[PDB]
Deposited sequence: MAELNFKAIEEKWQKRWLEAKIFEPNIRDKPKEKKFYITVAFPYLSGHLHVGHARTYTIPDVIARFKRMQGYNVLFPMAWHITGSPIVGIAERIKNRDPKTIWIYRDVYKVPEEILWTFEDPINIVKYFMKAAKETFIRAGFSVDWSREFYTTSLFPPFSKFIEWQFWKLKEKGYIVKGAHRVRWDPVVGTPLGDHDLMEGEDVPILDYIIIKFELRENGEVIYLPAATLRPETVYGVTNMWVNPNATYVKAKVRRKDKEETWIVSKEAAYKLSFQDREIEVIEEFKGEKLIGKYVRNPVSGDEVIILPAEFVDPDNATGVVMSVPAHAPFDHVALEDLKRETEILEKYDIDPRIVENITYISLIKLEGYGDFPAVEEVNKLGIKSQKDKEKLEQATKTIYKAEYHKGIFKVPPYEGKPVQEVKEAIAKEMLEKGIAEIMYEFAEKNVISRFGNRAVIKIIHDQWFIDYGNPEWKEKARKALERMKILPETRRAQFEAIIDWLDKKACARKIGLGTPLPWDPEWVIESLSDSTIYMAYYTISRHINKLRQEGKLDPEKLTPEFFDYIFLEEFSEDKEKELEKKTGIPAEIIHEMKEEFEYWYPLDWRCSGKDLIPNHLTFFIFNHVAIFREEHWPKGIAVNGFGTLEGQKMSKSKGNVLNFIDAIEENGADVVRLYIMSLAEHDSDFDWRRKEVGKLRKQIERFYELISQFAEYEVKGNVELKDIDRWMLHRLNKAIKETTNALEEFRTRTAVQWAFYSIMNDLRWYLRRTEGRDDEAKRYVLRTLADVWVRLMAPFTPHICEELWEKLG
């Protein structure tokens, strides 16, 4: 029933005797097994979905120790980035939503919570929480190698500097243009997750089509912003908010200078997007109505009509109407007033398609210019049209809309007909200073150039040589490697390691976490030196790391490194032996959500820096977990913390349950009723083994047919459980290791009810030995206890 005592007993033994801190001398390199799993970010408690991610490698590590490998399974903490910095500030301001999440979902005591205004307290609290939770879960971690990231952990920070100098020397670090969140009042870059409000909000790439308004003036453009540039071939008129203030302005870039008319808000925004803006005058909105403009694509000339649905504070403030496909434009066309002129009803709606002018929706739920919710109509159309839908218009006859959009935009762009304006999907993006953010284009953003073709090739080579579990994910990896472009690798805000040649930037979270597995190998020695007060991180130069990771052993280099570092040549030598022994990493594990980013970056960074013999050998990914049928959401409060699940059900029960539900990229669904039922079966498994352990087997026995049947079923389960685990098939392994044996055993006991002789006791005791062994990787605590009972 209660296993709290057994779990505590075994965790104390594992920790106090440092059972899981391996010594490389115990076995030759041929029997080494090194596995790591993406370290957690310390902004809060890990939940049961995370529990799966971290339990799989533990199961495998324990399975490997049982097979005879010398195993290393370490753990460390990620604290790089701006979220923790942002969260601290929100609690400082007493933001209701943040407070509630930390109180109700994470159960942080009230008084402790206010100390989180200092991001360092958030880090310390959740570091302690994550470590205890991993120890309470029975994870067989070599804690001597523990560390955390950023400049707050000098020795690791130095290792990161080395990594980045290496990338630089190879020409993999590039400076360039980028668009970032910016506070226009303070005039300063913002942290993406250090906002007062609007952190999920994406920056959108609006295509601004420069319609031509000609009237005695040699240069006047009315840039209409659209997310459907392909609909340029069907614009029947223009939209503008007659009540909104528009400006006529001089727009110059480099040496090109034009004159445009956009909303007053657009003019301010554009000033931060690589353009000099000088407003000429405010012109209301109605002052434009009735005017005609030329469609720079389809030579047509159209009218600028009134419409209170257009938002002057969205993109340019100018919209191009396409009623056949834009619900808003249709119901907007609906007229029945006086205005100024009326030549209406004239000119139909050119379609480009299921009716020609797909206005079903905009007439399938009623309408009216601003009844709102009109977007649900545009949602369905926009969604559909993108999926299927073939282009009607001549230039792109029978072409997929998705293709036409890409082509048209590509064409207007490299012709000057259209330009790009960045805009937030929502209007509530607010900085920590309390001001609405703007998007600013900068020219000095640092990138890691994953787009380098030579680099991509070496990455394909490394991928080819490694195992991918499930193999069905190999295609996605190949595609990510082909399609990857340079990636912003540093930020102005957040905790991290300063870019060594430009300290004003700190290396970003997905960029300081691609090869730290190499650091784990030397972490025990570094921590011992550090605790001994015999370490000056400043002496951990690129030269030192070059010797450790890239050079041939040299007693002379060790001797000269000893003089420069203050670290005994022998210790330096041992550190290098740890790395040479444990690498290459046998397995890198993580959620499937890291395939497009971290996991692929992990491959690139390894081929860019390490010798070939040290490239990764395998990646195993897992799916997600939902709770009672729903996604776990902190804002909704339906999150089950891993530590709470352990307290309530027992660690072995949580582990077996989660492992039993799914394998590879399949997801699982946590159900209280199922875990309760599994717990009862685990308790029965425990009692049965305890009962069988009392039997004493004598000499040889005379087996009956049912006994031989049972013995054969045990061998079957051993084989299948082992075959499944070699492939990280945790669900299939549990079906054999736990369910099959329990099912076979129950039938065995029914068939032998009333019988009790030596042959039967021999079968049952033999089963108990086999069963505890197959279950150990899953339920390690009760299995250690049962092994003592057995003898």
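Trainee: Which deposited-sequence positions, grouped into ranges, are missing C-alpha coordinates?
Mentor: No coordinates exist for the deposited residues in 1-3, 357-372, so these stretches are absent from the model.
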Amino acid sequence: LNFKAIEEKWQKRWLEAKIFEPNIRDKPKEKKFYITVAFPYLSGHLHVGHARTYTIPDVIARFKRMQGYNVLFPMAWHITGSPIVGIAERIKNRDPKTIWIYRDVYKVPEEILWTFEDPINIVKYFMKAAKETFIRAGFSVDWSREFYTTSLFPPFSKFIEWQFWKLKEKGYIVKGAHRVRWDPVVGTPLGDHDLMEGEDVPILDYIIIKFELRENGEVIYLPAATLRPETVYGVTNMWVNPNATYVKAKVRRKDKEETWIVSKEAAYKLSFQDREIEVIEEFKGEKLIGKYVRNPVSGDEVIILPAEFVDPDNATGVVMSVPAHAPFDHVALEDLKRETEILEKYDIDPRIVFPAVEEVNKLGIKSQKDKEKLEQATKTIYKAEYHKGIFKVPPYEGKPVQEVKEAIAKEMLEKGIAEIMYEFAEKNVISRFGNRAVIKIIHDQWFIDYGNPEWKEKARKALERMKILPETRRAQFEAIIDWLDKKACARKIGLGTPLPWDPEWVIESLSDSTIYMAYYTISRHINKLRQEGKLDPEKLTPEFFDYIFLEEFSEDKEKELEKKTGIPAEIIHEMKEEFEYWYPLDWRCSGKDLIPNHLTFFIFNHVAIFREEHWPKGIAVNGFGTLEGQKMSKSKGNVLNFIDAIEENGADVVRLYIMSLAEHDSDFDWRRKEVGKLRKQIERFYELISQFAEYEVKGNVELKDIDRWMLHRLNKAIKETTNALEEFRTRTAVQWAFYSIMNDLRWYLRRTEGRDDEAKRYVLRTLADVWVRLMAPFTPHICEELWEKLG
From here on, numbers count along this sequence of modelled residues.
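Trainee: Taking only the CA atoms, which stretch has the higher mean B-factor in the record, 259-267 or 297-305?
Mentor: If you average the C-alpha B-factors of 259-267 and of 297-305, the larger mean comes out for 297-305.
Trainee: So, looking at the entry's B-factor column for Cα atoms, which has the higher mean, 331-339 or 456-464?
Mentor: Mean C-alpha B-factor is greater for 331-339.
Trainee: Which has the highest CA B-factor per the PDB entry: 160, 442, 493, 412?
Mentor: 412 has the highest C-alpha B-factor of those listed.
Trainee: Between 351, 636, 588, 708, which carries the biggest CA temperature factor in the record?
Mentor: Result of the comparison over 351, 636, 588, 708: 351.
Trainee: Lowest, middle or highest third: which one holds residue 654 when the chain's residues are ordered by CA B-factor from the entry?
Mentor: Lowest third.
Trainee: Looking at the temperature factor on the CA atom of residue 192, which third of the chain's modelled residues does it land in?
Mentor: It belongs to the middle third of the chain when residues are ordered by C-alpha B-factor.
Trainee: Taking only the Cα B-factors deposited for this chain, tell me whether residue 648 sits in the lowest, middle or highest third.
Mentor: It belongs to the lowest third of the chain when residues are ordered by C-alpha B-factor.
Trainee: If you rank the chain by CA B-factor, which third does residue 606 end up in: lowest, middle or highest?
Mentor: Middle third.
Trainee: Using only modelled residues of the chain, where does the Cα B factor of residue 576 rank: lowest third, middle third or highest third?
Mentor: Answer is middle: the recorded C-alpha B-factor places it there.
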